[PDB]
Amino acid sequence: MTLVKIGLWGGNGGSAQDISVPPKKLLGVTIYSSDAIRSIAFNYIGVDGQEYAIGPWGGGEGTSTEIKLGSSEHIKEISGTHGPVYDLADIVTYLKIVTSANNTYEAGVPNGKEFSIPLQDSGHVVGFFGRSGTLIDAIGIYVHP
């Protein structure tokens, strides 16, 4: 009914990004990265029962990390770093996502300040918000209890 909204982690560059329909079920996340997180996109079923394909936020290019999820496989842990890269002061530089199936996905290069959200009980990540320009300046999460 009410999602928990946590973040964002990263700098103040770029423009605010968000979703207008709260997610109910996260189906996929696609990240592009080099030495920093270059884009994020994600696909979910809204609380309205409709499917949304969000993004990409950021300029992309680099190498892809494609995370596919569903009714039983949930994101249970997300962490990363944010800091200086490519002559910018504070960018999301690295992301690590762990699902309930013990599938681990990593993007970028650890560099800067840590953040981490390990979820217990039934909590899981269902969506994102943040800031983007050419890169992902900052990232935040929506958490389904």
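Note that residue numbering follows the sequence shown and begins at 1.
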Checklist entry - Looking at the entry, does 89 to 97 or 45 to 53 show the higher mean C-alpha B-factor? => result 45 to 53
Item to check | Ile67 by Cα B-factor - lowest, middle or highest third of the modelled chain | outcome: middle
Checklist outcome for this item: Entry-reported C-alpha B-factor of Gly28 relative to its chain, by third, is middle
Item to check | Position of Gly123 among the chain's modelled residues by C-alpha B-factor, lowest, middle or highest third | outcome: lowest
Next on the checklist: Going by the CA temperature factor in the PDB record, which third of the chain does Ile19 belong to: lowest, middle or highest?
Outcome noted: highest
Item to check | Within-chain third of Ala36 by Cα B-factor, per the entry | outcome: highest
